[PDB]
């Protein structure tokens, strides 16, 4: 439906209580997906499901500053499945981004980029059919 890579502007950046919801379907034989919450050229929060990293499925999260990736945060719970519809919910909390997939909490990512109001774009890329991307204040 929506063209991927997709850019969702986040006017005035993010703030606690802002909820971003992404609906889509993983393509068959998917290799990767990425959500990039950007501050200009920096990536404040990169959320990156990898479907085949040495025959393992893993979600890699990181921050990119001045074109350098930092320390990766990895955990082993992988709720996505090739060919299946998903819902990602990213809730901005005062100290971290809180992520739920298909209504189940997945992970938290502590804020490395501190100027939340300058994280003004969300890029969505990878092996998905993107249905919708929106935000609301809870």
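Numbering follows the first chain given and starts at 1.
As recorded in the PDB entry, 66-74 is the stretch of 86-94 and 66-74 with the greater mean C-alpha temperature factor. The question of which stretch, 54-62 or 35-43, has the higher mean Cα B factor is settled in favour of 54-62. Per the PDB record, residue ranking by Cα B-factor puts residue 126 in the highest third of the chain. In the PDB entry, a CA B factor belonging to the highest third of its chain's modelled residues is recorded for residue 23.
Per the PDB record, residue ranking by Cα B-factor puts residue 29 in the highest third of the chain.
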